[PDB]
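This report concerns only the one structure given below.
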Amino acid sequence: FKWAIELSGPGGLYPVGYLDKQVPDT
Amino acid sequence: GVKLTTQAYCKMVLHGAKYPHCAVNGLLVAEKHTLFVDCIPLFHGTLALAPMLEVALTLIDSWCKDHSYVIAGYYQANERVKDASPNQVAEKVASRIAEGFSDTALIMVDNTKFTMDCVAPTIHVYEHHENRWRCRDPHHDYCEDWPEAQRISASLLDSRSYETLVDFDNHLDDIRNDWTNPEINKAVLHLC
Amino acid sequence: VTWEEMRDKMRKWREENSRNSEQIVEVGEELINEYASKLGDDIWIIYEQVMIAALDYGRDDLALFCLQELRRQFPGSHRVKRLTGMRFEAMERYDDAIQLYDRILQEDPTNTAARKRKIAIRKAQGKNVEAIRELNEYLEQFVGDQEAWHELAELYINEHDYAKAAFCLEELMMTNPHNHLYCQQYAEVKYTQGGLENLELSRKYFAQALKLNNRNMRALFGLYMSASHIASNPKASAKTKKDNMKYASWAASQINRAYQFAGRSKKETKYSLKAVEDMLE
């Protein structure tokens, strides 16, 4: 792919309801 | 050393006027001091999304190489009035397009100087040197025929041609809308 | 061309949040100048839009007229108060607008318009981080506001926090399962966010958007390209490789069909053919 541009990088309180940690609780 | 045609400037003003409230971007194609023979717009408002940018660039490359052109510039008009510096999106896109040809340099439509007649060159050209992007001399001549660009932009805006202008996003909405927008091209030819 | 026709057009143009300030301000001016008395209070909401368009259009001359009429009609009204705040913001007058919004809040604490306008002021001032913080705090008392939710997602995308943007789009889809736009946008955000662990989500949500709307050819070739990237990715398993290759082939077939329809609909040069020449590559 000749246009595989990456736009990630810097990610900058947290928005309400958000929880970054991937929890396996089930 | 970046040179663009008057039709490129009028397309710049057309796309800026089309979505005055939304930041826009797009590319500039040239044939292989590069002269940007033509331009093409793409999207507006939200600009940080990758999939649209990738699909765009692929289509731009296909269309240009089919008709002997190659993409050689990137344009971006920011949304904020007091904003004239490139964002991450502009920097990465300019770096990626410049990866092919070193003559490729970024341009940004400084919306602060955006007026009816475009009295002063709104576009600012940034070059990539020393792994950094920095603007060229603002006092440099940008358009090939500055009075012609001024008059054609004023006529097109006063003729309500900005509403008629179609960018890549409208093509995404419906292919029936011509993304090559030759209508503004014939209007430019008639005006000139 | 009767005032009812432009009235219906303005009603529609208000129902869907358009921003063609020129057209809407012209139609509203024609209605309030020629057919002001032809209909009753239904122009009053128009008197709102007409000024907002004006503030968008820059033609501030009739903004004062609309504001004075509304104020003289509705004294001590929070809606007109927010509208005056926007009038102040039209000329970057931020301190007075903030003071007015604070007065509205102290007069009525449950009002959400003041918070939205003040964070709009903050984001107009360029303080993106504080705007994000203000939206997060405001949502903490008003969880479920879709407009603020989408605005925060857009701000995060602009600021490139695709994780938070993806989370906000997930909860927005929670609010509106049936909106294919949210699914397409979330697929795009996830694809931009990372790799296969997100490419799978992007392609699944692109397929969902296509299911929700077959005409969303944007999301169509988005799914196509996501499948293509998954195929090109070495980390794809053999079964995953063939699955995503099948997805890409099906999407390509749909793309050729869509561009053939684009061809039969119009009459011009075969740009659609060039397009599928790109896809075949």
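Cβ coordinates were reconstructed from backbone atoms using ideal geometry, including for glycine residues, and neighbour counts include every protein chain displayed. Each value in this text was obtained by applying a stated rule to the coordinates, not by laboratory testing.
Between segment B:1-59 and segment C:62-105, how many Å separate their Cα centres?
Between the Cα centres of segment B:1-59 and segment C:62-105 lies a distance of 38 Å.
Cross-link partners among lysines for residue C:267, C-alpha distance below 20 Å, same-chain residues fewer than 8 apart left out?
B:186
Report the Cα centroid-to-centroid distance between chain A and segment C:159-205 in angstrom, as an integer.
10 Å
Contact order normalised by length for segment B:43-192, with contacts defined as Cα pairs under 8 Å and 6 or more residues apart; what percent is it?
Relative contact order for segment B:43-192 comes out at 17 percent.
Measure nothing fancy, just the Cα-based angle from helix C:217-232's long axis to the longest principal axis of chain C, in degrees from 0 to 90, nearest 10.
40 degrees
Would you mind computing Rg(Cα) / (2.2 N^0.38 Å) for chain C, counting N as its residues?
Rounded to two decimals, the normalised Rg is 1.27.
Report the antiparallel proportion of the DSSP beta bridges in the protein assembly as shown as a percent, rounded to a multiple of 5.
70 percent
In percent, what relative contact order does chain C have, based on Cα pairs under 8 Å that are 6 or more apart in sequence?
Taking the mean separation of contacting Cα pairs over the length of chain C, I get 7 percent.
Give me log10 I(q)/I(0) at q = 0.15, 0.17 Å⁻¹ for segment B:1-156, Debye formula, one equal scatterer per alpha-carbon, no solvent.
-0.72, -0.95
If we count other beta carbons within 10 Å of each Cβ, what is the order of C:18, B:95, C:237, fewest first?
In increasing order of surrounding Cβ atoms, one gets C:237, C:18, B:95.
In terms of Cα to Cα distance under 30 Å, which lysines are near enough to residue C:242, apart from those fewer than 8 places away along the same chain?
Within the straight-line limit of under 30 Å, residue C:242 reaches these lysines: A:2, C:190, C:204, C:211, C:274.
Between residue B:134 and residue C:92, how many nm apart are label points set 7 Å from Cα along the C-beta direction?
With each label placed 7 Å out from Cα toward Cβ, I get 2.7 nm.
Taking just the alpha-carbon atoms of the protein assembly as shown, what radius of gyration and Dmax come out, in angstrom?
23.9, 72
Top mean-square fluctuation among C:22, C:34, C:159, Gaussian network model of chain C, C-alpha springs under 10 Å?
In the Gaussian network model the winner is C:34.
Which value in deg cm²/dmol, rounded to the nearest 500, describes the helix-derived mean residue ellipticity at 222 nm for the protein assembly as shown, given -39,500 (n - 2.57) per DSSP H run of n ≥ 4 and division by the residue count?
The helix contribution divided over the protein assembly as shown gives -19000 deg cm²/dmol.
To the nearest 10 degrees, how steeply does helix C:94-107 sit against the main Cα axis of chain C, on a 0 to 90 scale?
Its long axis makes an angle of about 80 degrees.
Angle between the Cα long axis of helix C:196-212 and the longest principal axis of chain C, 0 to 90 degrees, nearest 10?
70 degrees
With the crude spin-label approximation of a point 7 Å out along Cα→Cβ, what separation in nm comes out for residue B:46 versus residue C:106?
3.9 nm
What is the order of C:192, B:122, B:46, fewest Cβ neighbours within 10 Å to most?
Exposure proxy ranking, most exposed first: B:46, B:122, C:192.
Rank-order C:53-61, B:149-157, A:13-21 by packing density, defined as the average count of other C-beta atoms within 10 Å over each peptide's residues, highest first.
B:149-157, C:53-61, A:13-21
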